[PDB]
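What follows is a short report on a single structure.
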Amino acid sequence: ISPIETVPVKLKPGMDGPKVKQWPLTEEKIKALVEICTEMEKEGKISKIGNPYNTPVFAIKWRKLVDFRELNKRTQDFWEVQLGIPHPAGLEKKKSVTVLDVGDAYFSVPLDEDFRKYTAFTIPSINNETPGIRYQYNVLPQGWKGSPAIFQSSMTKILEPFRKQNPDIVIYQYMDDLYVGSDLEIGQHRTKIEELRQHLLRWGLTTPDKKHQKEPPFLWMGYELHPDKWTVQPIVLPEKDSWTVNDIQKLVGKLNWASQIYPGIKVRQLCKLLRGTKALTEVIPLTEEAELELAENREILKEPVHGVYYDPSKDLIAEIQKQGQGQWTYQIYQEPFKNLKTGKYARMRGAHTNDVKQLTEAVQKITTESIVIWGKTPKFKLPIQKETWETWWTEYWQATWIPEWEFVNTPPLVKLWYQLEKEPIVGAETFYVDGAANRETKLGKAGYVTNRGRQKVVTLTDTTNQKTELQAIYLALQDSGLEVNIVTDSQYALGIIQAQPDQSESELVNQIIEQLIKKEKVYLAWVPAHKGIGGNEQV
Amino acid sequence: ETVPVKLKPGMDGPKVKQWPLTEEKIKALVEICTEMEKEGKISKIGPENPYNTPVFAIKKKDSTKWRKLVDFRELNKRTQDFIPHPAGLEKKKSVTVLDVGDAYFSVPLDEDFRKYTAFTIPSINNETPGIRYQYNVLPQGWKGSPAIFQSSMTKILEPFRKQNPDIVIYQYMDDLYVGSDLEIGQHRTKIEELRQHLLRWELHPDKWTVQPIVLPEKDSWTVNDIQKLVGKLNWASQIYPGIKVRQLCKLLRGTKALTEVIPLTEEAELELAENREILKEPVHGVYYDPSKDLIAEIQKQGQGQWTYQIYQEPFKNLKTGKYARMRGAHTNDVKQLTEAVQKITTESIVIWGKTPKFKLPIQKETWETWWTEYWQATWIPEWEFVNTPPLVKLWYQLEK
Ligand SMILES: CC[C@H]1C(=O)Nc2ccc(F)cc2N1C(=O)OC(C)C
């Protein structure tokens with residue numbers, strides 16, 4: 002009947018065909034369907050039949074709608090159609106690029122005859138009684154689990170030839186589209202498209218004539234695409250006198266998206282407006298800052314952000330910036346100031362980490378991205394001195410790495426905010442710290458005793474097991490000279506501190522970190538708790 | 006002719022995602038994959054096949070050509086079950108491994124099982140739908156292959172076995188392990204002899240054990256010195272209950288400057304002495320249990336140094352060791368770790384005939400995006416990522 006071989010489809014093991022009841026429909030909705038199903042019948046898409056299985060048909070001139078939700082639930086799993094699709098930055102410049110809407114192609118593919126029975130549905134009647142008009146599908150049902158999958162594949166095999174015959178011609182199938190591009194001359198190109206078209210058609214595949222086919226630049230996940238370059242679709246920021254929560258959330262969503270392409274976008278103040286909101290429809294007045302912030306953003310969004318495609322014959326370079334603690338920005342280009350890509354990474358907030366570490370992560374994300382965008386790794390231009398890197402890494406407890414990179418002195422630089430002494434400090438006071446707190450009450454004390462006789466203690470209410478110890482340590486730091494030694498039985502220090510964090514979730518920690526950073530020299534030492542170990546036995 | 010291989014009861018086929026690959030690697034897999042398809046070893050597949058297994062490309066020990074590698078770990082696990096370990100293999104003066112992966116292609120894979128062997132070749136930037144294939148012959152890496160081929164493997168091996176007995180032959184997956192006490196030249200020359208034989212169709236186990244811990248020795252000791260010494264021993268007492276810190280901890284009373292020197296009491300003196308002696312040997316009563324999983328933990332010591340232990344029960348080591356990075360891996364933590372894991376696994380196979388489960392001191396992301404870049408072995412152990420406890424490190428840092 003049709004060119005293409007069908008693909009063998011099965012119902013999930015054990016399950017069986019749909020058994021849904023056909024809704025009752027108005028006399029005018031029924032007529033509309035009766036007429037559509039006749040045409041479809043004619044065209045050969047559906048077959049008259051009248054089969055245990057049934058699926059509900061609808062009516063939205071009228072346009073019909075069949076609900077396969079049940080069928081689907083019972084349909085075997087397939088090899089999923091990648092939701093990961095091309096990102097402009099990883100595309101090539103083409104002298105030309107066409108698009109072939111094969112919309113009607115869906116219904117142009119044969120359905121495993123062995124499986125059609127399942128698609129059986131029924132046109133109702135005014136007469137709740139009379140025998141409904143029974144049909145079933147011969148081609149891929151609009152809205153059926155397998156459809157997407159199959160169709161692409163089919164398409165794929167049909168191009169296998171043509172592609173092979175035209176190594177200098179790129180074809181991209183997405184949804185019910187075909188982005189065919191190349192570097193041939195307009196006539197050569199035109200001629201080839203027309204060649205592609207008739208080949209598809211040789212398979213019962215229909216495309217629109219040259220006086221229908223869509224035009225450049227093309228819309229792609231946020232960008233307008235010209236065959237020589239891309240520009241970001243300019244984004245429109247509403248202007249209202251009344252802003253609801255919903256409103257602010259959408260906005261923020263939008264703004265955030267922009268941060269990648271556009272530099273300087275902020276939402277801190279806009280985000281504030283969502284505090285303690287009682288309802289989506291709740292109206293929140295914009296504060297001054299929020300009115301301002303929002304303003305500078307409208308200014309930034311005017312600016313046209315134009316970009317450059319991927320030239321496979323040139324270096325791939327990524328440069329990074331620390332826009333704040335835990336905030337990083339990057340741009341990937343091949344030619345100074347002509348980026349194929351940019352982006353920023355949200356202030357990842359951990360339990361305890363450091364900037365060098367964070368930098369390393371950014372680098373890995375970036376890497377994984379490109380491996381995809383370009384199937385290649387960029388040469389890194391990083392705001393950190395090789396000395397810094399070698400100091401930190403060579404000794405960090407955890408396996409880490411950064412691909413080929415070079416130093417780039419563009420403040421603010423990423424550094425080691427402090428380095429615990431490798432050995433105890435001679436002449437520096439020695440604080441023997443300890444903290445204890447009633448497990449259950451959250452009442453405790455924390456203090457130290459030094460070799461110089463200095464002592465102290467504080468009682469703390471509403472505190473935990475760990476918090477005291479740390480506070481112990483905190484105190485010691487406050488009360489010591491630019492050089493100190495601190496002994497503790499805390500397991501938590503041994504790590505969290507000895508692994509030298511310059512940022513944390515724990516505010517306390519944060520404070521200790523501030524303190525640590527301030528000193529000239531700090532040596533921390535750990536000893537087993539509950540031991541005859543002096544100092545520890547004072548505590 | 007084929008044996009009806011099946012999945013463990015109620016188990017379904019693997020559906021693992023393909024990780025992104027360097028353009029280069031992709032180009033190779035395609036070249037490779039077309040070859041195999043030509044030779045009918047594999048066949049492109051339909052979308053009605055939802056399973057998948059990751060695949061990738063390597064350039065193992067010394068070559069200008071890429072080798073296709075497939076991660077059947079999941080499949081393996083779901084594959085039904087079906094020669095014991097040569098207790099002496101471990102006891103030979105020298106071992107050599109062999110890649111007999113090829114032998115497998117010479118065999119058809121059960122018709123109804125192939126679907127599960129499905130794999131996908133990517134395309135940079137998803138510019139092309141992946142290239143789907145499924146095996147027709149026994150694939151390299153699947154646990155089923157060495158087995159269903161055991162029959163013809165032994166068959167072709169006997170004549171060489173029976174021809175020498177002073178040599179041991181052990182097969183693990185795609186690999187073959189053989190050891191002899193013969194000197195270097197003879198050993199090798201004999202190996203080639205074996206290859207030749209097979210063609211027709233550097234380990235020295237005697238250094239592996241649990242390792243010796245040595246405590247510091249000093250002219251004079253400081254409070255700190257002693258505190259550290261004490262923390263170590265104290266911990267160590269979870270392995271040796273004879274280890275004692277009583278005397279030492281007494282010297283630690285009062286609140287002296289970390290840097291003040293302390294004179295050692297004769298008691299403390301003997302204590303140290305007594306502990307040194309306890310540590311002169313691995314803890315007693317440690318015996319490999321075949322029914323349990325083998326665990327292999329690793330620590331980053333730094334300066335390219337790496338310690339590791341292989342145990343089944345906590346503080347009961349079957350073996351411990353150090354590994355020092357190879358040449359030209361300097362700036363590469365990942366490469367070294369990768370190198371070591373391979374080494375530790377080979378040594379695990381050699382000894383008990385199976386791979387351990389690793390605990391890695393590296394972030395999942397870091398490991399995942401780069402381990403394949405330095406892998407060379409046909410097999411692939413299991414692994415999890417962890418945070419190294421500071422003491423475990425300091426302790427094993429003390430090995431002789
Ligand atoms: C077919 C050529 C291919 C490509 O290499 N560069 C461009 C450049 C501009 C475009 F408008 C499209 C495309 N191409 C493509 O497949 O883009 C899809 C995401 C639409």
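Protein chains in written order, with the deposited numbering: chain A, 2 to 51, 54 to 63, 70 to 548; chain B, 6 to 87, 94 to 212, 233 to 431.
Every residue, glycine too, gets a C-beta built ideally from N, C-alpha and C.
- The secondary-structure analysis by DSSP pairs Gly333 of chain B across a beta bridge with B:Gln336.
- The bridge partners DSSP lists for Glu415 of chain A are A:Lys390.
- Close CB contacts of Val179 of chain A within its chain, under the 6 Å cut and outside five residues either way in sequence, are with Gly190 (chain order).
- With 16 or more neighbouring CB atoms inside 10 Å of its own CB, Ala446 of chain A falls in the buried class.
- Exposure of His315 of chain B is indicated by the presence of fewer than 16 other C-beta atoms within 10 angstroms of its C-beta.
- With contact defined as three or more Cβ pairs closer than 8 Å, the stretch 34-50 of chain B and the stretch 395-406 of chain A are not in contact.
- Secondary structure in the stretch 355-412 of chain B: the alpha helix (DSSP H) runs of 4 residues or longer, each lying completely within the stretch, are 364-383 and 395-401 in chain order.
- Not a single CB atom of chain A sits nearer than 7 Å to the CB of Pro412 of chain B.
- In this structure, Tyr501 of chain A sits away from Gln520 of chain A, with a CB-CB distance that is not shorter than 7 Å.
- Shown here, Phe346 of chain B sits in coil according to DSSP, grouped into three states, outside any helix or strand.
- In the displayed model, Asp320 of chain A falls within coil according to three-state DSSP, outside both helix and strand.
- Taking 4 residues as the minimum length, the alpha helix (DSSP H) runs contained wholly in the stretch 278-321 of chain B are 297-309, in order along the chain.
- Taking the Cα positions, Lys390 of chain A is about 7 Å away from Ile326 of chain A.
- Within the same chain, Cβ atoms closer than 7 Å to the Cβ of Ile274 of chain B are found at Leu264, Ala267, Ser268, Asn306 and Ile309, the five residues on either side in sequence being excluded.
- Around the C-beta of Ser117 of chain A, 16 or more other C-beta atoms lie within 10 Å, and the residue is accordingly described as buried.
- Contact fails between the stretch 287-297 of chain A and the stretch 373-385 of chain A, because fewer than three Cβ pairs, one in each stretch, are under 8 Å apart.
- In this structure, ligand 1 has no non-hydrogen atom nearer than 6 Å to the beta-carbon of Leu325 of chain A.
- Inter-residue distance for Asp320 of chain A and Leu100 of chain A is about 8 Å (C-alpha atoms, whole angstroms).
- Spatial neighbours of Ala288 of chain A in its own chain (CB-CB distance under 8 Å, excluding positions within 5 residues in sequence) are listed in chain order as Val254.
- Residue state for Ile257 of chain A is assigned as helix, using DSSP reduced to three classes.
- As DSSP reads the structure, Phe227 of chain A sits in a beta bridge with A:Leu234.
- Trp401 of chain A is outside the set of residues whose beta carbon lies under 7 Å from a beta carbon in chain B.
- Any Cβ of chain B closer than 7 Å to the Cβ of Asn265 of chain A would place that residue at the interface, and such an atom is absent.
- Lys331 of chain A counts as buried, since at least 16 other C-beta atoms from the protein chains shown sit within 10 angstroms of its C-beta.
- Membership of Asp110 of chain B in any alpha helix (DSSP H) is not indicated; the residue belongs instead to the beta strand (DSSP E) covering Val106 to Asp110.
- Between the stretch 158-175 of chain B and the stretch 186-200 of chain A there are fewer than three inter-stretch CB-CB distances shorter than 8 Å, so the stretches are not counted as touching.
- Remark: fewer than three beta-carbon pairs, one from each stretch, lie closer than 8 Å, so the stretch 195-204 of chain B and the stretch 110-119 of chain B are not flagged as touching.
- For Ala327 of chain A, the uninterrupted beta strand (DSSP E) segment begins and ends at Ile326 to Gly333.
- At least one heavy atom of ligand 1 sits closer than 6 Å to the Cβ of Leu100 of chain A.
- Per the C-alpha coordinates, the member of B:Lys281, B:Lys350 and B:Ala129 positioned closest to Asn54 of chain B is B:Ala129.
- In this structure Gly99 of chain B is exposed. Its beta-carbon is surrounded by fewer than 16 other beta-carbon atoms within 10 angstroms.
- Of all residues in the stretch 410-443 of chain A, only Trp410, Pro433, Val435, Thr439 and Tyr441 come within less than 7 Å of chain B when Cβ atoms are compared, listed by chain position.
- With a cut-off of 6 Å, the C-beta of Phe130 of chain A is classified as distant from ligand 1, since no heavy atom of the ligand falls inside that distance.
- Within a 10 Å sphere around the beta-carbon of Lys219 of chain A sit fewer than 16 other beta-carbons, which makes this residue exposed.
- DSSP places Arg72 of chain B inside the beta strand (DSSP E), whose first and last residues are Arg72 to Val75.
- At a threshold of 6 Å, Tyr232 of chain A does not count as near ligand 1, since its beta carbon sits no closer than that to any of the ligand's heavy atoms.
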